[PDB]
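First, one chain by itself: the form deposited in one PDB entry, in structure tokens.
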């Protein structure tokens, strides 16, 4: 039913704008990650962390009393620091979404508070294959089974993210698709405590039309892909819920556990 009209031309311009700002905001794109993971890159191989020995060499190779801490806690704290960096990137990307910076600044903050973890887990899939995940902007690669070997209660925190990634990656989205997918998530009008829902819904409705057109153009091999991505949005909310519960369980049994204060603020009323 697709047409070349002014409306479709505007949706393509919006897709391109979003792609261009995504490239500016996120230094390690899915294209560059896939090239590293396949070896197809001309870059030096990342340092592979597959066991305790290679974890410690990695800490020398990859460029106070935190180092004192046990391996599992140094890794968990590394993931938290990654997430704080990602929040900065996603914030800069959100400001590029047309209409976002004209929303009420409280609503901008609310959308980022409730959206950032869904986007973090989306983009973490770009850096994953069935064996492991890229770390330190592609300088390292940490194996799935090494992460599973960490002592309880830290042996299971990456497993749901890998499970998500294997299925998400089978959809073969590229960075032009992901730019629009992430924008749609950020512009969710059902986040708690939003002042002005209708202007958020208006922006999301337009992004959703831009996403459906992008997917029909870019993926002739599937007519199901738009529907499947709507389901992945709901799946991501359950991944974040499942992570919040895991942090509850970690905290009871590991009460010495330092959570980054920025993440403590984001997690406050996050369910």
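Residue numbers count along the first chain shown, from 1. Note that the rigid core is defined as the largest set of C-alphas that superpose within 1.5 Å between two forms.
One more form of this protein exists, namely the form deposited with a partner chain bound; it is left out here, but the text below deals with it.
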In the deposited bound form, does each residue in the set 91, 100 and 109 place a non-hydrogen atom within 4.5 angstroms of its partner chain?
yes
Single option in 173, 142, 116, 128 placed near its partner chain in the deposited bound form, where near means a heavy atom within 4.5 Å:
116
The unique member of 71, 135, 87, 123 whose heavy atoms fall within 4.5 Å of its partner chain in the deposited bound form:
87
Please check if residue 148 has a heavy atom lying within 4.5 Å of any heavy atom of its partner chain in the deposited bound form.
no
Superposing on the rigid core, do we see a C-alpha displacement of 2 Å or more at residue 13 between the shown form and the other one?
no
Return yes or no for residue 23: a CA shift of at least 2 Å between the shown form and the other one, with the rigid core superposed?
no
